[PDB]
Amino acid sequence: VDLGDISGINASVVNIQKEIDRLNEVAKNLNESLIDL
Amino acid sequence: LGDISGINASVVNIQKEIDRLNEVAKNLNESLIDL
Amino acid sequence: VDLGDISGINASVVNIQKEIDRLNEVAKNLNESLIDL
Amino acid sequence: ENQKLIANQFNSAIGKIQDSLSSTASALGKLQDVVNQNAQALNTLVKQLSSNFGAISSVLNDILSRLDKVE
Amino acid sequence: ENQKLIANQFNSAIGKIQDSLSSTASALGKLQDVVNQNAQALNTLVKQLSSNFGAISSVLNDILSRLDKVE
Amino acid sequence: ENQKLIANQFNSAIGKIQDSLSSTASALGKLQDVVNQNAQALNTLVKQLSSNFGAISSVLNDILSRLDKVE
């Protein structure tokens, strides 16, 4: 009996930490763009 | 046979964030300039 | 011997390419909203 | 004149940002829905697999016992 | 002078918002790609598992029948 | 007066956009965490399933051989 091989079934992982860090960085830097007449 | 019942897949709840996004997209009408 | 049927187990796919295209389109069009006094 | 230009450009940019925020909310909602459906799918698969492996185990123990009885 | 300040701050903010929109688009594209790959992985796993469980079932029925023939 | 209106509306809009960017970052972080946890879950399931199917295969080969010896 030779059951089918499934070890090739792989689930990728996502790394969007650069993008989240950029989003928080921009949300912090937008204070430098406020207008103070 | 090996036990696999511990294998659990979490669920995500970002409905607060989606609601905030739609709320801001609606509230940005109050920030339009009317000279 | 009858083993349980699992063929109904389906995993959906997401298609948010319209939204990503809109995001990139807006990021490109925001150049037309810059102020040139 | 320059004030009208500033106001018009600001209103245009705010409209575009509103469109982008609606698009981000839609995309995040769709991603949430699909991730949660796949989580439920993996959980149901783990449950059914636990059941089927228990059943196979019971049948295998029975067959081994009945072979022990044979020999 | 104040108009130039308003215009400069607005252009800076629009540049930062453009960066943020590009980052959100990149993140959403990566999340879409990975969620779809994992969906395909779970679907392929369900298919192969259905196959293997059918095979185990056939072998088990054969073994049970051959034990019935033995005894 | 109109400059003060422009500045106030711009500051309000920038505050709202900051809130929206923080919300998008939070949502993307949560989606990343859950997608990665489900990826690890599917990988662990594939590993354990490979193990259990190897074990079932060994037991099945043994049972078939022992039935061959019986008959």
# chains A, B, ... in the order shown; residues from 1 in each chain; ligands from 1
call {"tool": "residues_around", "arguments": {"residues": "residue 16 of chain B", "least_positions_apart": "3", "cutoff": "10 Å", "atoms": "only C-alpha atoms", "output": "list in words"}}
result
residues 13, 19, 20 and 21 of chain B; 23, 26 and 27 of chain F
call {"tool": "write_last_selection", "arguments": {"atoms": "N, CA, C and O atoms", "output": "mmCIF file, in the first residue's frame"}}
result
data_model
loop_
_atom_site.group_PDB
_atom_site.id
_atom_site.type_symbol
_atom_site.label_atom_id
_atom_site.label_comp_id
_atom_site.auth_asym_id
_atom_site.auth_seq_id
_atom_site.Cartn_x
_atom_site.Cartn_y
_atom_site.Cartn_z
ATOM 1 N N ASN B 13 -10.723 39.630 13.704
ATOM 2 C CA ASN B 13 -11.837 40.559 13.852
ATOM 3 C C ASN B 13 -11.264 41.961 13.732
ATOM 4 O O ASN B 13 -10.765 42.526 14.706
ATOM 5 N N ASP B 19 -14.931 49.783 10.345
ATOM 6 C CA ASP B 19 -15.928 50.776 10.713
ATOM 7 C C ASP B 19 -15.294 52.146 10.887
ATOM 8 O O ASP B 19 -15.871 53.156 10.476
ATOM 9 N N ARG B 20 -14.101 52.203 11.477
ATOM 10 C CA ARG B 20 -13.407 53.478 11.606
ATOM 11 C C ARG B 20 -13.028 54.040 10.245
ATOM 12 O O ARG B 20 -13.120 55.250 10.020
ATOM 13 N N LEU B 21 -12.599 53.180 9.324
ATOM 14 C CA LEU B 21 -12.241 53.656 7.994
ATOM 15 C C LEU B 21 -13.446 54.244 7.281
ATOM 16 O O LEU B 21 -13.357 55.321 6.681
ATOM 17 N N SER F 23 -5.692 53.041 11.872
ATOM 18 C CA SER F 23 -6.641 51.941 11.764
ATOM 19 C C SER F 23 -6.219 50.943 10.694
ATOM 20 O O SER F 23 -6.331 49.728 10.891
ATOM 21 N N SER F 26 -3.325 48.895 12.081
ATOM 22 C CA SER F 26 -3.815 47.903 13.030
ATOM 23 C C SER F 26 -4.477 46.732 12.320
ATOM 24 O O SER F 26 -4.218 45.568 12.649
ATOM 25 N N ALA F 27 -5.338 47.020 11.347
ATOM 26 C CA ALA F 27 -6.019 45.954 10.626
ATOM 27 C C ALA F 27 -5.037 45.092 9.854
ATOM 28 O O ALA F 27 -5.175 43.866 9.817
#
call {"tool": "residues_around", "arguments": {"residues": "segment 55-59 of chain D", "least_positions_apart": "4", "cutoff": "8 Å", "atoms": "only C-alpha atoms", "output": "PDB file with C-alpha atoms, in the first residue's frame"}}
result
ATOM      1  CA  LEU B   1      -2.409   7.528  15.666  1.00  0.00           C
TER       2      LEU B   1
ATOM      3  CA  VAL C   1     -16.087   0.551   6.677  1.00  0.00           C
ATOM      4  CA  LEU C   3     -15.010   7.008   6.266  1.00  0.00           C
TER       5      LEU C   3
ATOM      6  CA  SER D  51     -13.064  11.705  13.495  1.00  0.00           C
ATOM      7  CA  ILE D  63      -8.410  -6.093  12.622  1.00  0.00           C
TER       8      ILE D  63
END
call {"tool": "closest_atom_pairs", "arguments": {"of": "chain D", "to": "chain B", "cutoff": "10 Å", "atoms": "only C-alpha atoms", "output": "JSON lines"}}
result
{"residue": "D:3", "atom": "CA", "partner": "B:35", "partner_atom": "CA", "distance": 8.3}
{"residue": "D:4", "atom": "CA", "partner": "B:35", "partner_atom": "CA", "distance": 7.6}
{"residue": "D:6", "atom": "CA", "partner": "B:33", "partner_atom": "CA", "distance": 9.2}
{"residue": "D:7", "atom": "CA", "partner": "B:33", "partner_atom": "CA", "distance": 5.8}
{"residue": "D:8", "atom": "CA", "partner": "B:33", "partner_atom": "CA", "distance": 8.1}
{"residue": "D:9", "atom": "CA", "partner": "B:33", "partner_atom": "CA", "distance": 10.0}
{"residue": "D:10", "atom": "CA", "partner": "B:32", "partner_atom": "CA", "distance": 7.5}
{"residue": "D:11", "atom": "CA", "partner": "B:32", "partner_atom": "CA", "distance": 5.7}
{"residue": "D:12", "atom": "CA", "partner": "B:32", "partner_atom": "CA", "distance": 9.2}
{"residue": "D:13", "atom": "CA", "partner": "B:32", "partner_atom": "CA", "distance": 9.8}
{"residue": "D:14", "atom": "CA", "partner": "B:28", "partner_atom": "CA", "distance": 7.0}
{"residue": "D:15", "atom": "CA", "partner": "B:28", "partner_atom": "CA", "distance": 8.3}
{"residue": "D:17", "atom": "CA", "partner": "B:25", "partner_atom": "CA", "distance": 7.8}
{"residue": "D:18", "atom": "CA", "partner": "B:25", "partner_atom": "CA", "distance": 4.8}
{"residue": "D:19", "atom": "CA", "partner": "B:25", "partner_atom": "CA", "distance": 7.6}
{"residue": "D:20", "atom": "CA", "partner": "B:25", "partner_atom": "CA", "distance": 8.6}
{"residue": "D:21", "atom": "CA", "partner": "B:25", "partner_atom": "CA", "distance": 5.9}
{"residue": "D:22", "atom": "CA", "partner": "B:22", "partner_atom": "CA", "distance": 6.2}
{"residue": "D:23", "atom": "CA", "partner": "B:22", "partner_atom": "CA", "distance": 9.5}
{"residue": "D:24", "atom": "CA", "partner": "B:21", "partner_atom": "CA", "distance": 7.8}
{"residue": "D:25", "atom": "CA", "partner": "B:18", "partner_atom": "CA", "distance": 5.1}
{"residue": "D:26", "atom": "CA", "partner": "B:18", "partner_atom": "CA", "distance": 8.0}
{"residue": "D:27", "atom": "CA", "partner": "B:18", "partner_atom": "CA", "distance": 9.4}
{"residue": "D:28", "atom": "CA", "partner": "B:18", "partner_atom": "CA", "distance": 6.9}
{"residue": "D:29", "atom": "CA", "partner": "B:18", "partner_atom": "CA", "distance": 6.8}
{"residue": "D:31", "atom": "CA", "partner": "B:12", "partner_atom": "CA", "distance": 9.7}
{"residue": "D:32", "atom": "CA", "partner": "B:12", "partner_atom": "CA", "distance": 6.5}
{"residue": "D:33", "atom": "CA", "partner": "B:12", "partner_atom": "CA", "distance": 8.9}
{"residue": "D:35", "atom": "CA", "partner": "B:11", "partner_atom": "CA", "distance": 7.3}
{"residue": "D:36", "atom": "CA", "partner": "B:11", "partner_atom": "CA", "distance": 5.4}
{"residue": "D:37", "atom": "CA", "partner": "B:11", "partner_atom": "CA", "distance": 8.8}
{"residue": "D:38", "atom": "CA", "partner": "B:9", "partner_atom": "CA", "distance": 8.7}
{"residue": "D:39", "atom": "CA", "partner": "B:9", "partner_atom": "CA", "distance": 5.3}
{"residue": "D:40", "atom": "CA", "partner": "B:9", "partner_atom": "CA", "distance": 7.7}
{"residue": "D:41", "atom": "CA", "partner": "B:9", "partner_atom": "CA", "distance": 9.1}
{"residue": "D:42", "atom": "CA", "partner": "B:9", "partner_atom": "CA", "distance": 6.6}
{"residue": "D:43", "atom": "CA", "partner": "B:8", "partner_atom": "CA", "distance": 6.3}
{"residue": "D:44", "atom": "CA", "partner": "B:8", "partner_atom": "CA", "distance": 9.9}
{"residue": "D:46", "atom": "CA", "partner": "B:5", "partner_atom": "CA", "distance": 6.6}
{"residue": "D:47", "atom": "CA", "partner": "B:5", "partner_atom": "CA", "distance": 6.9}
{"residue": "D:48", "atom": "CA", "partner": "B:5", "partner_atom": "CA", "distance": 9.9}
{"residue": "D:49", "atom": "CA", "partner": "B:4", "partner_atom": "CA", "distance": 8.3}
{"residue": "D:50", "atom": "CA", "partner": "B:5", "partner_atom": "CA", "distance": 6.4}
{"residue": "D:51", "atom": "CA", "partner": "B:5", "partner_atom": "CA", "distance": 9.6}
{"residue": "D:53", "atom": "CA", "partner": "B:1", "partner_atom": "CA", "distance": 7.2}
{"residue": "D:54", "atom": "CA", "partner": "B:1", "partner_atom": "CA", "distance": 7.9}
{"residue": "D:56", "atom": "CA", "partner": "B:1", "partner_atom": "CA", "distance": 9.0}
{"residue": "D:57", "atom": "CA", "partner": "B:1", "partner_atom": "CA", "distance": 6.8}
call {"tool": "interface_residues", "arguments": {"of": "chain C", "to": "chain E", "cutoff": "7 Å", "atoms": "only C-alpha atoms", "output": "CSV table (one decimal) with C-alpha atoms, in the first residue's frame"}}
result
chain,number,residue,atom,x,y,z
C,1,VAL,CA,-16.1,0.6,6.7
C,2,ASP,CA,-17.2,4.0,5.6
C,3,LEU,CA,-15.0,7.0,6.3
C,6,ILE,CA,-14.6,15.8,3.4
C,7,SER,CA,-14.8,16.8,-0.3
C,9,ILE,CA,-14.5,21.3,2.6
C,10,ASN,CA,-13.7,24.3,0.4
C,11,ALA,CA,-11.5,27.3,1.0
C,12,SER,CA,-12.6,30.5,-0.7
C,13,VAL,CA,-10.3,32.9,-2.6
C,14,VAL,CA,-10.2,36.6,-2.3
C,20,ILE,CA,-5.5,47.6,-5.1
C,23,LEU,CA,-5.4,52.6,-4.4
C,24,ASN,CA,-2.5,52.8,-6.9
C,27,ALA,CA,-1.7,57.4,-5.3
C,30,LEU,CA,-2.9,62.8,-6.1
C,34,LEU,CA,-0.7,69.3,-5.6
C,35,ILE,CA,-0.9,73.1,-5.3
call {"tool": "atom_distance", "arguments": {"atom1": "atom CA of residue 70 of chain D", "atom2": "atom CA of residue 70 of chain E"}}
result
8.4 Å
call {"tool": "atom_distance", "arguments": {"atom1": "atom CA of residue 5 of chain E", "atom2": "atom CA of residue 31 of chain A"}}
result
14.6 Å
call {"tool": "select_by_dssp", "arguments": {"residues": "chain B", "states": "helix (DSSP H, G or I)", "output": "list in words"}}
result
residues 15, 16, 17, 18, 19, 20, 21, 22, 23, 24, 25, 26, 27, 28, 29, 30 and 31 of chain B
call {"tool": "write_last_selection", "arguments": {"atoms": "N, CA and C atoms", "output": "short mmCIF file (atom, residue, chain, number, x, y, z; two decimals), in the first residue's frame"}}
result
data_model
loop_
_atom_site.label_atom_id
_atom_site.label_comp_id
_atom_site.auth_asym_id
_atom_site.auth_seq_id
_atom_site.Cartn_x
_atom_site.Cartn_y
_atom_site.Cartn_z
N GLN B 15 -13.28 44.43 12.44
CA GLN B 15 -14.48 45.18 12.09
C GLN B 15 -14.46 46.57 12.71
N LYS B 16 -13.83 46.72 13.88
CA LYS B 16 -13.64 48.05 14.43
C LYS B 16 -12.85 48.93 13.47
N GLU B 17 -11.81 48.37 12.85
CA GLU B 17 -10.97 49.16 11.96
C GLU B 17 -11.69 49.49 10.66
N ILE B 18 -12.46 48.55 10.12
CA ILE B 18 -13.21 48.83 8.91
C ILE B 18 -14.28 49.88 9.18
N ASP B 19 -14.93 49.78 10.34
CA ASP B 19 -15.93 50.78 10.71
C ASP B 19 -15.29 52.15 10.89
N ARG B 20 -14.10 52.20 11.48
CA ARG B 20 -13.41 53.48 11.61
C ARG B 20 -13.03 54.04 10.25
N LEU B 21 -12.60 53.18 9.32
CA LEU B 21 -12.24 53.66 7.99
C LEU B 21 -13.45 54.24 7.28
N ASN B 22 -14.59 53.56 7.34
CA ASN B 22 -15.78 54.10 6.69
C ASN B 22 -16.28 55.35 7.40
N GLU B 23 -16.15 55.40 8.72
CA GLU B 23 -16.53 56.59 9.47
C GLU B 23 -15.68 57.79 9.07
N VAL B 24 -14.38 57.59 8.88
CA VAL B 24 -13.52 58.69 8.47
C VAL B 24 -13.80 59.09 7.03
N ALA B 25 -14.06 58.11 6.17
CA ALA B 25 -14.40 58.43 4.79
C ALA B 25 -15.70 59.21 4.71
N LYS B 26 -16.58 59.03 5.69
CA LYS B 26 -17.81 59.82 5.71
C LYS B 26 -17.59 61.18 6.36
N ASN B 27 -16.79 61.24 7.41
CA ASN B 27 -16.55 62.48 8.14
C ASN B 27 -15.65 63.44 7.38
N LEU B 28 -14.89 62.97 6.40
CA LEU B 28 -14.03 63.87 5.65
C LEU B 28 -14.83 64.85 4.81
N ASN B 29 -16.15 64.68 4.72
CA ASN B 29 -16.98 65.70 4.09
C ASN B 29 -17.10 66.93 4.97
N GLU B 30 -17.01 66.77 6.28
CA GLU B 30 -17.02 67.90 7.19
C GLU B 30 -15.72 68.69 7.18
N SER B 31 -14.70 68.20 6.48
CA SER B 31 -13.42 68.90 6.39
C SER B 31 -13.22 69.58 5.05
#
call {"tool": "atom_distance", "arguments": {"atom1": "atom CA of residue 4 of chain A", "atom2": "atom CA of residue 45 of chain F"}}
result
15.6 Å
call {"tool": "decode", "arguments": {"residues": "segment 2-32 of chain A", "atoms": "N, CA, C and O atoms", "output": "mmCIF file, in the first residue's frame"}}
result
data_model
loop_
_atom_site.group_PDB
_atom_site.id
_atom_site.type_symbol
_atom_site.label_atom_id
_atom_site.label_comp_id
_atom_site.auth_asym_id
_atom_site.auth_seq_id
_atom_site.Cartn_x
_atom_site.Cartn_y
_atom_site.Cartn_z
ATOM 1 N N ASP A 2 0.678 2.108 -0.998
ATOM 2 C CA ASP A 2 1.455 3.336 -1.155
ATOM 3 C C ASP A 2 0.487 4.517 -1.173
ATOM 4 O O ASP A 2 -0.078 4.853 -2.218
ATOM 5 N N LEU A 3 0.302 5.141 -0.015
ATOM 6 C CA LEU A 3 -0.589 6.285 0.097
ATOM 7 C C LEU A 3 0.045 7.517 -0.535
ATOM 8 O O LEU A 3 1.269 7.659 -0.579
ATOM 9 N N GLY A 4 -0.807 8.411 -1.029
ATOM 10 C CA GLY A 4 -0.308 9.586 -1.720
ATOM 11 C C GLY A 4 0.536 10.452 -0.802
ATOM 12 O O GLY A 4 0.279 10.557 0.398
ATOM 13 N N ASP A 5 1.562 11.067 -1.377
ATOM 14 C CA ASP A 5 2.446 11.945 -0.630
ATOM 15 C C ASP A 5 1.867 13.351 -0.628
ATOM 16 O O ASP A 5 1.426 13.853 -1.666
ATOM 17 N N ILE A 6 1.865 13.979 0.541
ATOM 18 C CA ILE A 6 1.308 15.307 0.720
ATOM 19 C C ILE A 6 2.319 16.258 1.332
ATOM 20 O O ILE A 6 1.982 17.408 1.625
ATOM 21 N N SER A 7 3.552 15.805 1.547
ATOM 22 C CA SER A 7 4.540 16.643 2.208
ATOM 23 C C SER A 7 4.860 17.894 1.408
ATOM 24 O O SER A 7 5.336 18.877 1.984
ATOM 25 N N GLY A 8 4.606 17.884 0.105
ATOM 26 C CA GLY A 8 4.817 19.075 -0.687
ATOM 27 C C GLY A 8 3.826 20.185 -0.443
ATOM 28 O O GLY A 8 4.073 21.319 -0.860
ATOM 29 N N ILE A 9 2.715 19.891 0.221
ATOM 30 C CA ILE A 9 1.695 20.895 0.488
ATOM 31 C C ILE A 9 2.252 21.894 1.489
ATOM 32 O O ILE A 9 2.409 21.579 2.671
ATOM 33 N N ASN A 10 2.552 23.095 1.020
ATOM 34 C CA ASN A 10 3.122 24.127 1.868
ATOM 35 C C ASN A 10 2.253 25.368 1.816
ATOM 36 O O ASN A 10 1.716 25.717 0.763
ATOM 37 N N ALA A 11 2.114 26.026 2.958
ATOM 38 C CA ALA A 11 1.360 27.264 3.066
ATOM 39 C C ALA A 11 2.334 28.403 3.313
ATOM 40 O O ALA A 11 3.086 28.379 4.291
ATOM 41 N N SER A 12 2.323 29.394 2.432
ATOM 42 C CA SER A 12 3.261 30.494 2.549
ATOM 43 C C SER A 12 2.916 31.370 3.741
ATOM 44 O O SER A 12 1.831 31.279 4.315
ATOM 45 N N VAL A 13 3.859 32.222 4.113
ATOM 46 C CA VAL A 13 3.639 33.218 5.139
ATOM 47 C C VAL A 13 3.840 34.594 4.522
ATOM 48 O O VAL A 13 4.587 34.771 3.560
ATOM 49 N N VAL A 14 3.151 35.583 5.076
ATOM 50 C CA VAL A 14 3.204 36.949 4.578
ATOM 51 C C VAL A 14 4.015 37.784 5.553
ATOM 52 O O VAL A 14 3.935 37.590 6.770
ATOM 53 N N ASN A 15 4.820 38.691 5.012
ATOM 54 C CA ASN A 15 5.590 39.638 5.810
ATOM 55 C C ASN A 15 5.328 41.019 5.231
ATOM 56 O O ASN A 15 5.969 41.431 4.263
ATOM 57 N N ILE A 16 4.378 41.725 5.824
ATOM 58 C CA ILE A 16 4.066 43.089 5.452
ATOM 59 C C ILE A 16 4.431 44.053 6.575
ATOM 60 O O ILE A 16 3.797 45.090 6.731
ATOM 61 N N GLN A 17 5.450 43.716 7.364
ATOM 62 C CA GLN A 17 5.817 44.560 8.492
ATOM 63 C C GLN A 17 6.474 45.849 8.034
ATOM 64 O O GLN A 17 6.349 46.876 8.707
ATOM 65 N N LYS A 18 7.175 45.819 6.904
ATOM 66 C CA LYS A 18 7.676 47.058 6.323
ATOM 67 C C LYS A 18 6.534 48.021 6.031
ATOM 68 O O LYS A 18 6.629 49.218 6.320
ATOM 69 N N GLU A 19 5.431 47.506 5.489
ATOM 70 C CA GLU A 19 4.315 48.367 5.123
ATOM 71 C C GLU A 19 3.589 48.893 6.351
ATOM 72 O O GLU A 19 3.182 50.059 6.382
ATOM 73 N N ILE A 20 3.417 48.062 7.373
ATOM 74 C CA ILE A 20 2.775 48.534 8.595
ATOM 75 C C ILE A 20 3.645 49.579 9.278
ATOM 76 O O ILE A 20 3.146 50.586 9.802
ATOM 77 N N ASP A 21 4.961 49.360 9.279
ATOM 78 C CA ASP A 21 5.868 50.338 9.859
ATOM 79 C C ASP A 21 5.826 51.647 9.088
ATOM 80 O O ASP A 21 5.853 52.725 9.686
ATOM 81 N N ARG A 22 5.742 51.576 7.759
ATOM 82 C CA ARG A 22 5.623 52.794 6.967
ATOM 83 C C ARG A 22 4.314 53.511 7.251
ATOM 84 O O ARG A 22 4.277 54.743 7.320
ATOM 85 N N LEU A 23 3.226 52.761 7.421
ATOM 86 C CA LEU A 23 1.947 53.389 7.716
ATOM 87 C C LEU A 23 1.990 54.116 9.050
ATOM 88 O O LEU A 23 1.527 55.256 9.158
ATOM 89 N N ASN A 24 2.550 53.478 10.077
ATOM 90 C CA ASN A 24 2.637 54.142 11.374
ATOM 91 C C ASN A 24 3.610 55.316 11.330
ATOM 92 O O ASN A 24 3.377 56.352 11.965
ATOM 93 N N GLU A 25 4.688 55.187 10.558
ATOM 94 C CA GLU A 25 5.628 56.287 10.404
ATOM 95 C C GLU A 25 4.970 57.489 9.748
ATOM 96 O O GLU A 25 5.210 58.629 10.152
ATOM 97 N N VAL A 26 4.136 57.257 8.736
ATOM 98 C CA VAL A 26 3.457 58.367 8.077
ATOM 99 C C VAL A 26 2.396 58.960 8.990
ATOM 100 O O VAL A 26 2.213 60.181 9.038
ATOM 101 N N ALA A 27 1.693 58.115 9.742
ATOM 102 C CA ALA A 27 0.702 58.627 10.679
ATOM 103 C C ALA A 27 1.356 59.465 11.767
ATOM 104 O O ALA A 27 0.718 60.348 12.349
ATOM 105 N N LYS A 28 2.627 59.197 12.063
ATOM 106 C CA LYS A 28 3.335 60.023 13.036
ATOM 107 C C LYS A 28 3.902 61.281 12.391
ATOM 108 O O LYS A 28 3.875 62.359 12.993
ATOM 109 N N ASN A 29 4.416 61.166 11.168
ATOM 110 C CA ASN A 29 5.030 62.291 10.481
ATOM 111 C C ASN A 29 4.020 63.310 9.980
ATOM 112 O O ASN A 29 4.401 64.449 9.699
ATOM 113 N N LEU A 30 2.749 62.932 9.849
ATOM 114 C CA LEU A 30 1.755 63.888 9.385
ATOM 115 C C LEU A 30 1.524 65.006 10.390
ATOM 116 O O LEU A 30 0.819 65.970 10.075
ATOM 117 N N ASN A 31 2.093 64.902 11.592
ATOM 118 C CA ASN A 31 2.059 66.025 12.519
ATOM 119 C C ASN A 31 2.989 67.140 12.071
ATOM 120 O O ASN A 31 2.739 68.312 12.369
ATOM 121 N N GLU A 32 4.058 66.802 11.356
ATOM 122 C CA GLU A 32 4.952 67.807 10.806
ATOM 123 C C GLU A 32 4.361 68.531 9.608
ATOM 124 O O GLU A 32 4.971 69.486 9.121
#
